[PDB]
Amino acid sequence: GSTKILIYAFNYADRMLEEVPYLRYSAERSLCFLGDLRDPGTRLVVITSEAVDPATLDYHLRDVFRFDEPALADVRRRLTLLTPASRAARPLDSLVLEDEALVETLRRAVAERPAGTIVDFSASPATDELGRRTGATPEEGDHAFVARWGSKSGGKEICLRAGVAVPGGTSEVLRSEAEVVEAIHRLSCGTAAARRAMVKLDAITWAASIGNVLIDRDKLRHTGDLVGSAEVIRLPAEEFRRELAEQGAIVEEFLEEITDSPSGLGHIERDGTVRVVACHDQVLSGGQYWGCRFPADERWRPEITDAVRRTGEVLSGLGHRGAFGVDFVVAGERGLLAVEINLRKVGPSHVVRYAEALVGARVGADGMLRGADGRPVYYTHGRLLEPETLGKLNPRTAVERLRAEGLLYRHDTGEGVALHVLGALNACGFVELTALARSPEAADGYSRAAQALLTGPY
Ligand SMILES: Nc1ncnc2[nH]cnc12
């Protein structure tokens, strides 16, 4: 007997939730986990800031996970969908916590079963609290540890230990502007049209590209002040300063010529067993990761895998259980350098789950997914937001459109298109789409077709 409780709240996004609006519908991502209901024992609870739409659920059941009609009723019986009483735009976990009754219910559910697991994006105070107060152990909670080691500096240190190539820099916090300046002027330079330095605020709260601040050294050498020579600062200066004071930053060289930005995804079992889950080729694309592709490029896939494994081992030693992410850059002829470490699930993870479900099989060998017949599988995954055109659709409508023009993934052919986060369609005009084909080009084409279908009238 298992009980699993799904709260895929984006907690590390304190600002973005109040900006990018389709975020409230983020939790829907968790619907990739329904595969678990294949075990007669597993019981799932889904929590979203906004109610999952019956249509979406139906799609997932039939056209995604391909449940046989006999068992389907049973599967449905072992699934519950719940919404916090708060409809304020805040991290989902927090909202859940605030609803005492909901928490109580969750606890009761957990008790009812042998085993409790909480399924989350990043480990957070709120998630930890929930775990404590419900008797479910977060699958990816461990807040203090995360704080310690998912930080920029910590990540860098881990990378170094692993023997994974990092960009030239220290792994040392810089609690003052002077320190930062010193760090900047003590670097690797290297021939660069516009030689640059980058200061990355150490906290994990600042994940991705809000913390990272970039200064061209020329400007500095003339004017002593950090925020006088900032070529890219996305923080209110004052706030940045405060962060520096209180949490600080770490100093890394800005690699100029970037061709690809691959990603590596790792899982530690509780017995330390590290698994290379997958490798993709993310495309920062303004950092909003408007998507990604699988598998990674043939050249650096194998290389990446080994690196990931090493990192995983290191993390296990350190004592991290759950899931880790390594973000990379490819720097002209200089090669491949690990830039980020993430102590949390990452975008690709959820996509990968869905992909696996579609295929019917797990990632495969040590790398590269393959269908029943053994033939390789390639997917393209994109976030698309078009208030204008998509805001006209509802989940059901979209699904039927996909079915009509034979765009929807069919299991008999082994190629097509599956959507995610369908609830955002009507409300924010947002959707994820993933496209699977026999060749990557084919997959891309399919994706394009889908886009065309959905972002036009009819
Ligand atoms: N050193 C670096 N140069 C350029 N972009 C980066 N993103 C993260 N680290 C970077």
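The sequence shown maps to residues 22 to 479 in the UniProt record's numbering. Even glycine gets a Cβ: it sits at the ideal position worked out from N, Cα and C.
Here DSSP, grouped into helix, strand and coil, assigns residue 225 to coil. Taken atom to atom, the span from the alpha-carbon of residue 167 to that of residue 78 is near 33 angstroms. For residue 262, same chain residues with a beta-carbon under 8 angstroms away, outside a window of 5 residues either side, are 198 and 248 in chain order. With a cutoff of 8 angstroms on beta-carbon distance, residue 201 and residue 272 are scored as near each other.
Between ligand 1 and residue 351, a heavy atom-to-CB distance of less than 7 angstroms is absent. In this structure, ligand 1 has a non-hydrogen atom nearer than 7 angstroms to the beta-carbon of residue 188.
Excluding its 5 nearest sequence neighbours in each direction, residue 177 has C-beta neighbours in its own chain below 6 angstroms: 187 and 192, listed in chain order.
Sorting 69, 123, 169 and 238 by C-alpha distance to the C-alpha of residue 154 places 123 at the top. Here the alpha carbon of residue 106 sits roughly 46 angstroms from the alpha carbon of residue 279.
The beta carbon of residue 360 sits closer than 7 angstroms to at least one heavy atom of ligand 1. Going by DSSP, residue 284 is part of no alpha helix (DSSP H) but of the beta strand (DSSP E) stretching over 284-289. About 4 angstroms separates the Cβ atoms of residue 423 and residue 429, confirming a contact at the 8 angstroms cut-off. Look at residue 276: its beta carbon is less than 7 angstroms from one of the heavy atoms in ligand 1. The continuous alpha helix (DSSP H) containing residue 417 extends over residues 416-425. In the structure shown, residue 400 falls within a strand segment according to DSSP collapsed to helix, strand and coil. A contact between stretches requires three or more CB pairs, one per stretch, nearer than 8 angstroms, and the segment 22-40 meets this requirement with the segment 222-239. Annotated three-state conformation of residue 26 is strand, per DSSP.
Listed in chain order, the non-local C-beta contacts of residue 396 below 8 angstroms within the same chain comprise 435 and 459, local neighbours out to five positions each way being set aside. Residue 166 sits in a helix when the DSSP states are folded into three classes. Spatial neighbours of residue 310 in its own chain (CB-CB distance under 8 angstroms, excluding positions within 5 residues in sequence) are listed in chain order as 303, 304, 368 and 404. With a 10 Å radius around the Cβ and a threshold of 16 neighbouring Cβ atoms, residue 244 comes out exposed. Within the DSSP bridge table, the entry for residue 303 names 313 as partners.
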